[PDB]
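Below is one structure, written out as structure tokens; the observations come after it.
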Protein chains: 2
Amino acid sequence: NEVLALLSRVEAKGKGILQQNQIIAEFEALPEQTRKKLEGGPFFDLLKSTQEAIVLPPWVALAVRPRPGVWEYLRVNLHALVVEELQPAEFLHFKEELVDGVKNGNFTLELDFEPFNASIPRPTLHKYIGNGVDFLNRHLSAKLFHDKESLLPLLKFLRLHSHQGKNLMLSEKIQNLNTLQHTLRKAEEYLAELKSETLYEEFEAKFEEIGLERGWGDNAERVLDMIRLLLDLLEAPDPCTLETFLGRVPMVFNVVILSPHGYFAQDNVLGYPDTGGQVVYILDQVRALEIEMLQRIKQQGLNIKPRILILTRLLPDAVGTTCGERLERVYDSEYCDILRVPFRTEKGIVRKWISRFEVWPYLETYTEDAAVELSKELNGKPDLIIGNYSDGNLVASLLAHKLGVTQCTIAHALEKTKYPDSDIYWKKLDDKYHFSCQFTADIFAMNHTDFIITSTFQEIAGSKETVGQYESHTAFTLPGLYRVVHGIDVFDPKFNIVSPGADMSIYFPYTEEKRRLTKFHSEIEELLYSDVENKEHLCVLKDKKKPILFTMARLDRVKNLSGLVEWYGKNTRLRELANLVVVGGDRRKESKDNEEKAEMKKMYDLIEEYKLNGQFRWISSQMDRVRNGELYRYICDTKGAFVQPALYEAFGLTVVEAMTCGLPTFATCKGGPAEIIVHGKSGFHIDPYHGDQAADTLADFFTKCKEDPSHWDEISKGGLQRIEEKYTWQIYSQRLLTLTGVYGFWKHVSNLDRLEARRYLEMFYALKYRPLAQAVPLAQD
Amino acid sequence: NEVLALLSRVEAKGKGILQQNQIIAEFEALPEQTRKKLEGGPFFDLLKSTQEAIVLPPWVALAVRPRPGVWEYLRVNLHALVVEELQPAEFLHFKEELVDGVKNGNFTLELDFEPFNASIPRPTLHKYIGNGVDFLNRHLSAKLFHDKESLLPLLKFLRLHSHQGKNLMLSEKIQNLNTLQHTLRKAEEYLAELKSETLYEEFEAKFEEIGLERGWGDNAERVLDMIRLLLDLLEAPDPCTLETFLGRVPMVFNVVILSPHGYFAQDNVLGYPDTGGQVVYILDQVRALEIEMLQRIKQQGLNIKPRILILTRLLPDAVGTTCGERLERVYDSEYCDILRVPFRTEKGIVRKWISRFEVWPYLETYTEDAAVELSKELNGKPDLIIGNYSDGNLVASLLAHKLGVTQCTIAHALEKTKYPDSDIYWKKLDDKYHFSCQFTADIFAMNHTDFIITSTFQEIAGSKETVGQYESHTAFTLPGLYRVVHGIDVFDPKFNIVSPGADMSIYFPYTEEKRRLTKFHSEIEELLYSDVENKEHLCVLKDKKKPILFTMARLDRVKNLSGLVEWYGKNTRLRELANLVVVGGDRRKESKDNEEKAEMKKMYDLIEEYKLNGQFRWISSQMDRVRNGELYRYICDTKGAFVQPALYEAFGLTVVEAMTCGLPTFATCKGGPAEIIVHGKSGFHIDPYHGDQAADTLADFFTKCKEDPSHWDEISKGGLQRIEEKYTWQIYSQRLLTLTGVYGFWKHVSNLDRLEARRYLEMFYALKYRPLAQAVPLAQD
Ligand SMILES: O=c1ccn([C@@H]2O[C@H](COP(=O)(O)OP(=O)(O)O)[C@@H](O)[C@H]2O)c(=O)[nH]1
Ligand SMILES: O=c1ccn([C@@H]2O[C@H](COP(=O)(O)OP(=O)(O)O)[C@@H](O)[C@H]2O)c(=O)[nH]1
Ligand SMILES: OC[C@H]1O[C@](O)(CO)[C@@H](O)[C@@H]1O
Ligand SMILES: OC[C@H]1O[C@](O)(CO)[C@@H](O)[C@@H]1O
Ligand SMILES: [K+]
Ligand SMILES: [K+]
């Protein structure tokens, strides 16, 4: 095909010196090409997998991705027959040259985390992505099988295990596998005799004699299965046994959760800058976590009272909010509190809200302050530390290091994918977004943590056609700063997919009448349909009978609300069928946020340009989740739909909330919602990059729904069952806890290999992050 | 006996907050202590081995050193019986409180190389320090024994191995151990029948066909020993065989040696600032090396022409010298050239000489520039790269990385031992000396290199009583910068002692009349005994018939010549017995160097203070080694002595020079000269810290020599033998080449494990050295 293949690069040439993405790629090349396309041979086809290609003079470089998590880079001659296979670094060189004009100084930093991971083998099966604990178990199960030097670690573990000055599992009486083996067998013979429901307290005395401390279970039956479980790990370890035992051992009692940025609170917040899905997730998480812990604790026959602290910034000048108080009990829980610590410098505490992009210079000092405070509140040290987002993961990493605690991170979003080419173009973005800091923190926490939780597969490995969020951090470069050769690997056994949900008593199907909160209908109707225009709501709905196209979200550039508004403004077919109600931004107060401010000015203009008055209602931030639920269900009444038009959406809780209430959802294909929604079944995908087709798809739906109302009900059911299956909080907590067990034990076995990695990070943090963070200007009060 | 320990303890407090070296440690407390000492026993015996004590009001910190390379740190209450065991970091914590007032920032950097060096096991025996290649051999020999995965590296090594386009050893025809085991078997059988003296050209045809390329030997006898060796490695590897095979394989053809600082030349230099032994060491070295390479290349049946390039700086404005010319042929060699590259910045070439303490900002660009130039001179890339000193090892590490070459380093001195407490006190020393740059380069190069060469065992592990030059780098801290927890380990298998010598054509026994160069006797006599005072010589020797107490060196603080002069001045008994002749500094010109200037003023005042005219002759730098040779022998004629009063001397070539000419020698006891000399047998040690005692020691020797002139001869003959035994250039080259063979191969077996350390080291150059090096103010023409 030397004729045909020439013809492609040919088209590529004129395109000039620039970034070739996939769409921006052959979508130009192939579809602008004649019947000569005829490419169903290898060249077009296998290289339909080109993720991006670097356009320069006689060479063009391109990154290819046959399968998720598998990359190969190539350099093909602009005019020539030659293709030479590039190394990751060589490829990244191109990107550097394209911006600065030259590559990075030869001796300028190159991060390679590859050699530091080598402890466990790396699974190559797509199946094991986001499944690592499964993999880790098979590795431990196999390494444990008849190996002395291997088993000791497990015995040392149970012997050292204690909480608040009480011994658990094995006592000091057991010095070796022989006594342990002998004692367990000795215990088993005894217990197999007793009535199943016999309380531990009965056989406690004897158990203390032979070296068994509390926590095996609350009764004979339970203690029995457990002793039988461990005896088995000593004898013939299998992965399922190993997990079950480790997950059962009472461990997690105290938990520390990190969420520094935003206005973190239970009221009067949601919709403010940086306040949103993260805050929601965390409050649901702790409540779900606390129920599971009280249980595991009670089943294991212990009386410890758990504690969960959520750490965040104390903001003294936020008014209307509880953000200025140090300690706050979380709704519907006994043991979960929000702990607030202030940011400070040499000159004293900093009062004013700071954007999440600007917090960096404060975090290290924050970390120390937090350690002191959370130490005051906890009886015992943290049994698990979970970081959230970047600041959260950064701080949680420093703390876990400092307190030697099992650490888990949860990204909630990765900015590198929200802001396209923000890595290569970072320099000009930097005075505003400080991405050099963020990406640094992101890499550091990502490799520092023990395990990683994600809400979907796509967060990790993306899909067959497109690349996942974490995966996009495998190899990248920030020209002038440093180059990341292997930053992360999609196959890492630390990745674990644990899907969240929507609080089921906030969000239920709109069709359950007795449950509908009808006291909210008066206000909901003023909200939507009233003729008043003010800071709460702008414009007016001229027609109250139409279905409502609805969206609710934080207002910023990536949420792309102004985009939706344009698509709708322009589409008369859609405008005639539905009213557009957009909730975003708080216009009650002058916005302090750059993007929100910008985004708001667009909304105003679009109102004027498309003469949107009468079909459009623009609603400020809706902060009560409880009424929020009813809002969703109310839209169902009108037979409307939810739309999520983000340019990228990391997960999309609102998409999960809508589906739970029975509201048919059209959500962006870029990011998490691609995995949540099964197209034509659980909802529909739209592409924010083709807005007019999104608008038309919506129109198609309402049109079909008009002629056949069963169509609406179909998707509503599809959505409801799709949540029932994938997204709920019941499985979450347990999975999370089991993980703490397996990854905690793993710490001790894998201990000494992570020493090298522990220094690389320590040094990366110190020599790279700190100086960058310090560079970021301080806020002035 | 807590009444006693508390005695010495409170004895120590009176000193206050500060450092105490063993000098002071047992000096002040203990025998300067009241006879209540009566110690012996425990707590004296072992803790007389205390190396340093950090004194903070409630506590004292103790670095304890039972055996070379073995360290224990202890905190003990200034008042109390309490003695706790500090881990190294904890002890480093102390020193930091002593200076900054607080310990280093919690998240401030700890350099730890230990976890990276875990690749090979650690020898614990005193006998392997500086013997590392011996240990590596037995390790490789075992790992190699019936290991397919182990043997393959060797086959690959031999297969890929080539030079200048020509294939060596194995050809591509041998892909596996069986084929090779088979080919070698045919080969031995064939050659076995042949006449030993048969040339390789005869069987060259036969060999090529079975896959055997050149380099096994010049004739059949040599080739047969060689093929047998390999057969034996594949069958039953032993260390001695391994060493012999690897040492013998032709490898080193192009050698590159880095020495950027100083005025490096063959004439009109020695004695200038920064120009000294390192220049002598190298010139002597390369000449020996070339001779050996020529030999080896021939024995293996090769026609390759070697090249040895000494990279150093090109100095356009040094007049009276050749420093301004790019390429210079080394005296009395066919293949060794000095290659000069200029320092430069954006503004163009930097003309002026820069002190070795200031070259840091220019080193990276130098590396880039050098790579190009040497690549223009060398035919084929460098086979071995040898760094010298700090700038030299720094640059040589960058090149080695860049071009993929076996690297060796030679320190020639380590500033941290020469400038005591410069690590802990660095910040105040930095504007002047920039030790925050140099200590960084040292740590880096020292861990980056493949193998390290030293001139003595003291350079590495010191003695029973005192710490070594490298060993002092194991644990230290630069408060406010970083903290090296494990920075080096004297048992590290990379250490190899290979002792240098004096050019035997330049320096020989003064008793060989035939050889004495008499045509210099006129100059020498004007130089010593002349009536004239000028830039060339100061004061006057009133009596030409006395013995001369001679010394020669660069003029700087540590060389401590102003002290020798003072000791001499105070001592009337010594002044009567001998004339003091000191060579140092060049007064022909205004002086650019700080210490040299400082040191000259001291010299002047001293001459006036002690009325040194008539006893003392202060001569300027003597830059022609050949006449220097005679001058030594002339001092022998007067029946005098050589004295080396350094506060610290890393090695001391002039000591070896003096001894070799048969001039009895008194050398400092702090440094290499401690090992070079056997007190009373090959010369005498003097303590630069007690000079009044040193002057008296000299007085004694000169007195004894009057009553019994044969005393002199005894030491002279003594020193001579000591040299013919321990220090000469014959074995040096042979050993260097063998180490290059083994470590070269060793790097392929160990390549994978070193990968982490590779990255950690890269990150350190990039985020620590680079920034520091840029902070150094540029030379401005
Ligand atoms: O004015 C608002 C804006 C957002 N939310 C809630 O904030 C979350 C938005 O999270 P999502 O994951 O959808 O987007 P994110 O904020 O995480 O980027 C959802 O629970 C919304 O219901 C809200 O209650 N009121
Ligand atoms: O005025 C001088 C001073 C020194 N040297 C030579 O320089 C070297 C000094 O080497 P050494 O190791 O003793 O001291 P270094 O300068 O290396 O620290 C010796 O060869 C000396 O003979 C010299 O030729 N003329
Ligand atoms: O990136 C999305 C943003 O919204 C949040 O979910 C906060 O509610 C955070 O993850 C981040 O500030
Ligand atoms: O500290 C020793 C100094 O003298 C030299 O030997 C002469 O080049 C170098 O090693 C260094 O400048
Ligand atoms: K226990
Ligand atoms: K070869």
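Each value in this text was obtained by applying a stated rule to the coordinates, not by laboratory testing. Positions of Cβ are backbone-derived with ideal geometry, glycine not excepted, and every protein chain shown enters the neighbour counts.
Legend: mean number of C-beta atoms from other chains within 10 angstrom of residue C-beta atoms, peptide A:104-113, equals 5.
Here the spin labels are modelled as points 7 Å beyond Cα on the Cα-Cβ line, and at A:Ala598 and B:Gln87 they lie 4.8 nm apart. Convex hull volume of the Cα atoms of chain A, normalised per residue: 183 Å³. Computed from backbone phi with θ = phi - 60° and the Karplus coefficients 6.51, -1.76 and 1.60, the 3J(HN,Hα) list for segment A:203-208 is 7, 4, 3, 4, 3, 4 Hz; x is used for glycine and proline. Placing a label point 7 Å from the Cα of B:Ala142 along the Cα-to-Cβ direction, the distances to the matching points in the other copies come to 2.8 nm, shortest first. Projecting the Cα atoms of A:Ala118, A:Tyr73, A:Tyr128 onto the charge dipole of segment A:65-181, computed from C-beta unit charges around the Cα centre, puts A:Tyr128 farthest toward the positive end. So, in Å, what gap is there between the alpha-carbon centers of segment A:465-497 and segment A:263-290? Their Cα centres are 28 Å away from one another. Remark: segment B:615-632, residue by residue, has Karplus-estimated 3J(HN,Hα) of 9, 9, 9, 9, 9, 7, 3, 9, 9, 10, 4, 5, 5, 3, x, 4, 3, 4 Hz, where x stands for each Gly or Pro and the curve is 6.51 cos²θ - 1.76 cosθ + 1.60 at θ = phi - 60°.
Positive end of the dipole of the protein assembly as shown (Cβ unit charges, origin at the Cα centre): among A:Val280, B:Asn176, A:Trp712, the Cα lying farthest that way belongs to A:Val280.
Listed values for segment A:506-517 are Karplus-derived 3J(HN,Hα) couplings in whole Hz (6.51 cos²θ - 1.76 cosθ + 1.60, θ = phi - 60°), namely 7, 10, 9, x, 5, 7, 8, 6, 3, 7, 4, 9, and x replaces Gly and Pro. For A:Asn21, the residues whose modelled amide H falls within less than 5 Å of its own, excluding neighbours fewer than 5 places apart on the same chain, are A:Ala53.
Here chain A carries DSSP beta bridges of which approximately 45% are antiparallel, counting only pairs with both residues inside.
Between B:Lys427 and A:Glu346, the FRET efficiency from the beta-carbon distance, with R0 = 22 Å, is close to 0.60.
About its Cα centre, segment B:502-728 has a charge dipole of approximately 200 debye under the convention of +1 per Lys or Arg Cβ and -1 per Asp or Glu Cβ, with nothing else charged. Remark: the Cα gyration tensor places segment A:553-686 in the rounded category, a/c being less than 1.5. Using the Cβ-Cβ distance between B:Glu208 and B:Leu177 with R0 = 22 Å, the FRET efficiency computed as 1/(1 + (r/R0)^6) comes to roughly 0.60. When the Cα positions of A:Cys240, A:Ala192, A:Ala205 are compared along the charge dipole of segment A:122-250, A:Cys240 comes out farthest toward the positive end, with charges on each C-beta of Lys, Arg, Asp and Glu. Once you reduce segment B:44-106 and segment A:185-251 to the center of their Cα atoms, the two points are 48 Å from each other. For the rotational copy pair B/A, the chain B residue whose Cβ lies nearest the symmetry axis, together with its distance in Å, is B:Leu767, 2.
Each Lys or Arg adds one and each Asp or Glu takes one away; over the other residues whose Cβ falls under 14 Å from the Cβ of B:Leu125, this sums to +1.
Using alpha carbons only, what's the Rg to Rh ratio of the protein assembly as shown with Rh from Kirkwood? With Rh from the inverse mean 1/r over Cα pairs, Rg/Rh is 1.03. Going by neighbour counts of Cβ atoms within 10 Å, the residues A:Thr738, B:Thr660 line up, fewest first, as A:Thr738, B:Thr660. Projecting 7 Å from Cα along the Cα-to-Cβ direction, the label point of B:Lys381 sits 4.7 nm from its equivalents in the other copies, listed shortest first. Partner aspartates and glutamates whose Cα lies under 17 Å from the Cα of A:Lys706, excluding those fewer than 8 positions away in the same chain, are identified as A:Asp543, A:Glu576, A:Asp637, A:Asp696, A:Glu714. What the pair-distance distribution of segment B:82-164 shows, using all Cα-Cα distances binned every 10 Å from zero, is 12, 24, 24, 19, 14, 8, 0 percent.
For the residue pairs A:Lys597/A:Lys717; A:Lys127/B:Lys143; A:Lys13/A:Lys432; B:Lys376/B:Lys416; A:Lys597/A:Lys670; B:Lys173/B:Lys376, the C-alpha atoms sit more than 31 angstrom apart in A:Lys597/A:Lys717; A:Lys127/B:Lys143; A:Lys13/A:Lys432; B:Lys376/B:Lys416; B:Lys173/B:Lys376. Peptide B:716-727 shows a mean partner chain C-beta count of 0 within 10 Å per residue C-beta. Given DSSP loops and a limit of at most 14 other Cβ atoms within 10 Å, what is the longest stretch of chain A that contains no such GluC sites (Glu not before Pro)? Here the longest run is A:591-781. Here the calculated FRET efficiency for A:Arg326 and B:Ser119, from their Cβ-Cβ distance with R0 = 35 Å, stands at 0.10, rounded to the nearest 0.05. One way to sum up the overall shape of segment A:662-781 is the equivalent ellipsoid from its Cα gyration tensor, whose semi-axes run 46, 25, 12 Å, largest first. For segment A:668-714 versus segment A:754-779, the inter-centroid distance based on Cα atoms is 45 Å.
Note on segment A:470-545: Kirkwood radius taken over Cα pairs, Stokes-Einstein applied at 4 °C and 1.567 mPa s, translational D equal to 70 µm² s⁻¹.
Placing a label point 7 Å from Cα along the Cα-to-Cβ direction at A:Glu707 gives distances to the equivalent points in the other copies of 13.1 nm, listed shortest first. Write down the Kirkwood hydrodynamic radius of segment A:502-728, to one decimal in angstroms, obtained as one divided by the mean of 1/r over all alpha carbon pairs. Mean inverse Cα-Cα distance, inverted, gives 17.3 Å. Note: relative contact order over segment A:106-222, using C-alpha pairs below 8 Å and six or more positions apart, is 20 percent.
Once backbone amide H atoms are built at 1.01 Å from N, B:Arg214 has B:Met169 as its partners under 5 Å, excluding neighbours fewer than 5 places away on the same chain. A straight chain from A:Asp238 to A:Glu197 at 0.36 nm per residue would run longer than the Cα-Cα distance by 11.9 nm.
Using only side-chain charges placed at the Cβ, +1 for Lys and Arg and -1 for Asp and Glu, the dipole size of the protein assembly as shown relative to its Cα centre rounds to 1020 debye. When the helices of chain A are scored as -39500 (n - 2.57) per DSSP H run of n ≥ 4 and the total is divided over every residue, the value at 222 nm lands at -13000 deg cm²/dmol.
Radius of gyration over Kirkwood radius for segment B:151-307, both on Cα atoms: the Rg/Rh ratio is 1.11. Magnitude of the charge dipole for chain B, about its Cα centre and with charges confined to Cβ atoms of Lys, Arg (+1) and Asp, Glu (-1), is about 540 debye.
Kirkwood-type hydrodynamic radius, segment B:1-78: 12.6 Å, calculated from all non-identical alpha-carbon pairs.
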